[PDB]
Amino acid sequence: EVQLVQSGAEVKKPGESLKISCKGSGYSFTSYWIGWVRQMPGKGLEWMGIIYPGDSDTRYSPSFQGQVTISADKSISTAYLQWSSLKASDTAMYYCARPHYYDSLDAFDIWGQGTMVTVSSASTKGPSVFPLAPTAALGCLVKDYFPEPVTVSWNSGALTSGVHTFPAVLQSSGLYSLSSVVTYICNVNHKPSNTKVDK
Amino acid sequence: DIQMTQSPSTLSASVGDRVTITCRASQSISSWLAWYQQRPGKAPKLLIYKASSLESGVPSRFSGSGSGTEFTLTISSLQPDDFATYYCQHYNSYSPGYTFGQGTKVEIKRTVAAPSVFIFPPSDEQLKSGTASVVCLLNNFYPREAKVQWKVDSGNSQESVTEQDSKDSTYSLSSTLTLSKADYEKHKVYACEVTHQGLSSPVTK
């Protein structure tokens, strides 16, 4: 069982420091490079850089050079991606990955599950839920919340057919909004703010 | 810029098709090329390395070929699992350089379906708090491309698309019209106009 396991989701404000982890298991960690890959939301994969845990030999993609620190603690098989001053634009899924062969910079065959990092100057806020009133359709507008995610069920799980809950859009306010479409009750759960609104 | 370019950006295919996806390198790179798959949410998975070597476990209907500057990934018979996004990647070993292509999304081909269109005015509640949100719903349509035209008797609307409904292969879209109350109370009759090739001419409601 060769794995890379990554630390939990992070929500931060710009300026704050952050250090996320990638832990290897089921193989000799000091023997393989570790890479980091960025994926911005709705975007594709970006190589950020790579480190050799044996001696922390480190290389950066020229665009990320001086913009993020990669390190490793080989005694505990953990690699790290580190920012001393997060930007809004740092908001992304971060993946660690391992080359297929030892002491080599080959294609990545082991990947961690990913660490979502949200950097925003917004603060935790529960959503307002508005009915979308009237084969016919209707829904709820789950407006102005931070951070992701919200869960929207209908009739406490009974009603699932016709149900389309859409990706949140990020408003210029820094707050999220989504619609769930299928007055009569939608159950919206936002756990960051402990908000729970049956509408 | 060593740059890797993929085409098409989107590929519409059916279960059973032989499909081929292209990668081009801005300069010759021998066989130092890998292919990756990614599903929504999931982490990328390695399929091919050295242009044409299959990773263990990866189904044999996958193959890669090419050398120098043009590379291809082929699925001899597309299966429901293969609907996903694919990336290529130049790597070395010698000295660190990884470069991804921008991705190709393989999606289920379907007959053209017009969107059912519905529009919702703001609620009473919202109408007290400071803003109006008119939502236009474009429901169960194909293909993915649709143009939403907000009419008020811009840059004040946002859009969101469902992933392909995998029992139907359709998309659904939501547009949110956000103004204050009164850009809202000044004006009276509202309208959402929708272009999509499943419809002769733009429909409005």
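The chains referred to below are lettered A, B, ... by the order of the sequence lines, with proteins before strands, and numbering in each begins at 1. Note: hydrogens, waters and symmetry copies are ignored here, and every other heavy atom, side chains too, is used.
Using a 30° and 60° split on the angle between ring planes, A:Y32 and A:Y102 fall in the perpendicular class, above 60°. Ring geometry for B:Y49 versus A:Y101: interplanar angle over 60°, hence perpendicular rather than tilted (30 to 60°). In this pair, A:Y94 and A:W83 present their aromatic rings perpendicular. The plane angle is above 60°, beyond the 30 to 60° band. Relative ring orientation between A:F29 and A:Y27 is described as tilted, the plane-to-plane angle lying within the 30° to 60° band.
Heavy atoms only, all atoms of each residue included: B:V58 and B:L46 are closest at CG2-O, 3.5 Å. Taking every heavy atom of both residues into account, B:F83 and B:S14 meet most closely at CZ-C, 4.4 Å.
B:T104 places a side-chain N or O within donor-acceptor distance of the main-chain N or O of B:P8, the cut-off being under 3.5 Å. Without hydrogens or angle criteria, A:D55 side chain to A:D57 main chain gives a donor-acceptor distance under 3.5 Å. Under a 3.5 Å cut-off, the side chain of A:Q113 and the backbone N or O of A:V5 do not form any donor-acceptor pair. Using modelled atom types, one side-chain atom of A:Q39 and one backbone atom of A:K43 make a donor-acceptor pair closer than 3.5 Å. Put simply, the side chain of A:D73 gets close to the backbone of A:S75: a donor and an acceptor are under 3.5 Å apart.
Annotation: B:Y98 is not in aromatic contact with B:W32 [ring centroid separation under 6.0 Å not met]. Here the two rings, on A:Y95 and A:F108, have centers that are 6.0 Å apart or farther.
With hydrogens and angles left out, the side-chain atoms of A:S104 and B:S93 include a donor and acceptor closer than 3.5 Å. A donor-acceptor pair shorter than 3.5 Å can be found between the side chains of A:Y52 and A:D103. Looking at A:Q6 and A:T115, their side chains do bring a donor and an acceptor atom within 3.5 Å of each other. For the residue pair B:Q37 and B:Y86, a side-chain donor N or O sits within less than 3.5 Å of a side-chain acceptor on the partner. Side chains of A:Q171 and A:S177: a donor-acceptor N/O pair is present below 3.5 angstrom, by distance only. For the 3.5 Å distance criterion, the side chains of A:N187 and A:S156 qualify, holding a donor opposite an acceptor. For the residue pair A:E1 and A:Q3, a side-chain donor N or O sits within less than 3.5 Å of a side-chain acceptor on the partner. With hydrogens and angles left out, the side-chain atoms of B:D153 and B:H187 include no donor and acceptor closer than 3.5 Å. Between B:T72 and B:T22, the side chains place no donor N or O within less than 3.5 Å of an acceptor N or O (distance only, hydrogens not considered).
No more than 12 heavy atoms of other residues, nucleotides or ligands lie within 6.0 Å of CZ in B:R144, so this atom counts as exposed by the packing criterion. Under a cut-off of 6.0 angstrom, the local environment of NZ in B:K181 is crowded, with over 12 non-hydrogen atoms contributed by other residues, nucleotides or ligands. For NZ of B:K50, the number of neighbouring non-hydrogen atoms (other residues, nucleotides, ligands) closer than 6.0 Å is greater than 12.
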message: B:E145 vs B:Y171, test: side-chain hydrogen bond (donor to acceptor under 3.5 Å, both in side chains). Steps then yes/no.
response: CA-CA 9 Å; B:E145 294 81 1; B:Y171 298 97; over 6 Å; no

task: Just do the side-chain hydrogen bond (donor to acceptor under 3.5 Å, both in side chains) check on B:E107 and B:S12 with the steps written out, would you?
output: CA-CA 5 Å; B:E107 156 223 10; B:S12 275; 3.0 Å; yes

message: Using ring-ring contact (aromatic ring centres under 6.0 Å, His included), reason through B:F100 and B:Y91 one step at a time and then give a plain yes or no.
response: CA-CA 9 Å; B:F100 293 93; B:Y91 58 96; over 10 Å; no

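Taken to the nearest 0.5 Å, the CH2 atom of B:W150 stands 5.0 Å off from the SG atom of B:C136. Atoms NZ and CD1, on A:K74 and A:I51 in that order, are 11.5 Å from each other to the nearest 0.5 Å. One distance of note links CE of B:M4 with CD of B:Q89; it measures 9.5 Å at 0.5 Å rounding.
Sorted by first and then second residue, the side-chain hydrogen bond (donor to acceptor under 3.5 Å, both in side chains) pairs with a member in residues 157-170 of chain A read A:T165-A:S180; sequence neighbours excluded. Among residues at least two apart or in separate chains, disulfide bond (SG atoms under 2.5 Å apart) pairs with a member in residues 78-157 of chain A are A:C22-A:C96, A:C140-A:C186.
Here the options are A:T91, A:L18, A:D90, A:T118, the test is side chain to side chain contact (heavy atoms under 4.5 Å, CB included), and the partner is A:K12; only A:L18 passes. For the side chain to side chain contact (heavy atoms under 4.5 Å, CB included) with B:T178, the qualifying choice from B:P122, B:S157, B:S133 is B:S133, the only one to do so.
Between B:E125 and A:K199 a salt bridge is recorded (basic side-chain N to carboxylate O distance below 4.0 Å).
Looking at heavy atoms from C-beta onward, B:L138 lies out of side-chain contact with B:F118 at the 4.5 angstrom threshold. Taking 4.5 Å as the limit, every side-chain heavy atom of A:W154 sits out of range of all side-chain heavy atoms of A:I185. Contact of the B:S174 side chain with the B:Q158 side chain is not registered, since no non-hydrogen atoms from C-beta on lie closer than 4.5 Å. Side-chain contact between B:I48 and B:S53 is absent, with no heavy atoms from C-beta onward closer than 4.5 Å.
Annotation: cation-pi geometry not satisfied between A:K125 and A:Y145 (NZ/CZ under 6.0 angstrom from ring centroid, within 45° of ring axis).
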